[PDB]
Every structure is written in structure tokens, then in C-alpha cells.
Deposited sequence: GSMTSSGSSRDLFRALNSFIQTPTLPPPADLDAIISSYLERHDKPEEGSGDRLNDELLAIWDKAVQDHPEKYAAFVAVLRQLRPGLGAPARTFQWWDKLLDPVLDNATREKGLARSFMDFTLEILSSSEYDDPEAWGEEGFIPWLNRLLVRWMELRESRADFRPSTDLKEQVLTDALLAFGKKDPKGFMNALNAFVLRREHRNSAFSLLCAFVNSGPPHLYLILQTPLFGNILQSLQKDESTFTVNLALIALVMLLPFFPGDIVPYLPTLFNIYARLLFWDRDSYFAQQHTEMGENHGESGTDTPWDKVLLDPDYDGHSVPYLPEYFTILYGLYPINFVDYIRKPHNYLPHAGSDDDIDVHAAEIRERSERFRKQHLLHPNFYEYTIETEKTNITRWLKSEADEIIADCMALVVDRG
């Protein structure tokens, strides 16, 4: 009883028929001996194992949700022996909806499937088909339940692996009006999880569409979500936003006068307020990154210009004199990038917060 493929069939079928909560050590031994003694899974060993796992799922597991967690636990250990890497997709894709429908009711099922997802992403590695399935189910879903945690944590895991792919797929949902609020909410959650290579959003249409929402959408709730995402994103590529400064400043002027005057989101008269709540934080990040250019915009964007100053007064009285005023001109502030070489986003955010008095 040490590595036979016949043994794996007998041990798995016996375990599925009477599952224990962690798989016993002697089951791990049979699997480990099997994986060692089968070195060519793509030559036939993986195919016969797949047919067996398919049979066990069909005949014994598919219609017994209490057995899902046990089957996933076995599926995690036997993953290296499946053979072609497309078979592991086929199994995760096969288990997605069965796991999602029973995440809140079957103990440990969410945990086992999440560990299964994480192990797939961190082995020997075009995630668009995975992401879209997670995205479409997450958009339709709208205290957090286990079903929503699985979709969120899986989306965050896939986004951590492929940040550029995560944002390209999300951009499609930003373009549709009925999902823009949900897409922007998930974007905030993505940036909050601290994924790498957030600067890749510039090689993707998402950044421009965030700005388009801030310029065109008329719902106070939508624009505020877009503004929160923008404030979180800018510290991750501050030296690359120089061409966007006129747009960013015009967005500030629009939100500053929110009480006055592309698939648009209209105003919701039931919930939308008359001022953008996150506008003060937007002033802070603009003043923290490019103060000399920002105050020059406020100085020289007529009557409307004078009003821009008057409405900026309550933000001026909240910020200390910026150190850039001792070091740079309006030109070298945009051109000299030494500020950004030395500091990362977490330091840059802290430095911006250090300027706020109230």
C-alpha cells in the first residue's frame, strides 16, 4: 500500500464515503507515494486520475454538499498529478458555483476552496476567463457572508497575481452604467489589499475612465467612489501624472462647484448629497504631490476664478506650507523626480498627511 494507482482509487473512495475533517495522515502518505511514483502525468497518469476524480465527483460528491470540503481537500493534494495545467482550471471552474452556493452553510468549504485557489496561482506561473467568472458573479451579488468573502478574496488573489489583467477586466464593468458603482467599490478594495505594480493602470484604459467618470457622471455617490479610488491610486505613480495635471485640476474645480450647474450615471435624488464628501482628501493629495502647480492653477485657472479661491480657503487653512516651496519652481516640481525615487506610496501618503492641520 505505497503508491499504487489502484491504491489511490481505493483510498479516495473509502475517504469520500467516510470523510474526516482533516484528511488522515495515512491518506496523505498514499497520495505522496502516488505523486512520487508517477512522474509522467501528461503521458496517461493524469488522464486516468482525472477520470477517477470525475467519477467520484459524479457518483458520490456532486449531490452531497457536506462532502464538498473533503473532495476539495483531496483535490488540493492531487493537483500536481492531474497533468495538463488546463485540467486544474477545469476543476476550479467546475467547483466555483457549487462552492459559492454552499459557502455559508458548509463549514470549512470556503477555506478549502480559497487555499485551492491560492495554490493554483503560486505554482509554475491570460487570467481573463478566471477573472470574468469571479467578476460577473461579484457584480450580480450586489456584515459580509462567506459567499461574498470567497468572491472578494479570490478576486484579490487573482488581482495580486495579475494586476494589469485585473484592471483591464474591471474596465469593462466601469464602462457599463449599472455596474460602475460596484466596479469602483471593488477597485478601492483592490488598491486597499496592497497589490504590486499598481502603476500598470496607466498601460490600461481604467485610469482614463476613472477621470471620465469624475468629469461626466452626475451622481454624487458615483463621483465620490471614483474620487476615493483616484486618491488611493495617485501615490503609486506620482511621477507619471504630469500630463494629467490639467485634467486633475479641472476635476477639482468641478467638484468644488458640485452644488452649481460615455454612459452617464444620473443623479439619484433619494441618496445623492449636494457636496462631494472626499473632496478635502483630494485637495490634500493634489497639494501634497504638486503644490506649486496646484496653487498656480487656483491662482490662474475672472469671476469664476475668484470663486475658486474663496471656496479653496477652507482647504488652505488646513494645510501647512509645503516644502516644495523651498526647493522647486513650477517647472522643476514636475520635472525633478528625485522626490519619487526615494519614497514609496506608504511614505508619500504619510508625508501628505503630515501637511494637514485640521
(message) Against the full deposited sequence, which stretches does the structure leave out?
(response) 1-4, 130-139, 157-164, 284-305, 346-358, 416-417
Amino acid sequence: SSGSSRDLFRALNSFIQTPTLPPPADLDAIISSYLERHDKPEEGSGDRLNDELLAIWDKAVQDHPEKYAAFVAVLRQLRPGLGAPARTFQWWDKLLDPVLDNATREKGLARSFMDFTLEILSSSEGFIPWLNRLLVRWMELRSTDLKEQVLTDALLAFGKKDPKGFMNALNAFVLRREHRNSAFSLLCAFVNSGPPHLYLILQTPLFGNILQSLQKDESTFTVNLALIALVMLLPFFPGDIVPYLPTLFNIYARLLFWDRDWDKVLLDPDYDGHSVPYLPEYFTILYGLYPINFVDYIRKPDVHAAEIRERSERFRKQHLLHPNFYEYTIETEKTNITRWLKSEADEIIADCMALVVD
From here on, numbers count along this sequence of modelled residues.
(message) If you take the mean CA temperature factor per stretch, which one wins between 265-273 and 172-180?
(response) 265-273
(message) I need to verify one thing: averaged over C-alpha atoms only, is the B-factor higher for 197-205 or for 78-86?
(response) 78-86
(message) Highest recorded C-alpha temperature factor, please, choosing from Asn192, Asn250, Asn224, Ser122.
(response) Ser122
(request) Quick one: which of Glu313, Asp28, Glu66, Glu333 shows the highest Cα temperature factor in the PDB entry? (result) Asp28
(request) Divide the modelled residues of the chain into thirds by Cα B-factor and specify which third, lowest, middle or highest, holds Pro243. (result) middle
(request) Classify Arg309 as lowest, middle or highest third according to the C-alpha B-factor given in the PDB entry, relative to its own chain. (result) middle
(request) Using the B-factor values recorded in the entry, state whether the Cα atom of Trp130 falls in the lowest, middle or highest third among the modelled residues of its chain. (result) highest
(message) By the recorded C-alpha temperature factor, relative to the other modelled residues in its chain, which third is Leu141 in?
(response) highest
(message) Quick check on the deposited entry: does the C-alpha B-factor of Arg111 sit in the lowest, middle or highest third of its chain?
(response) lowest
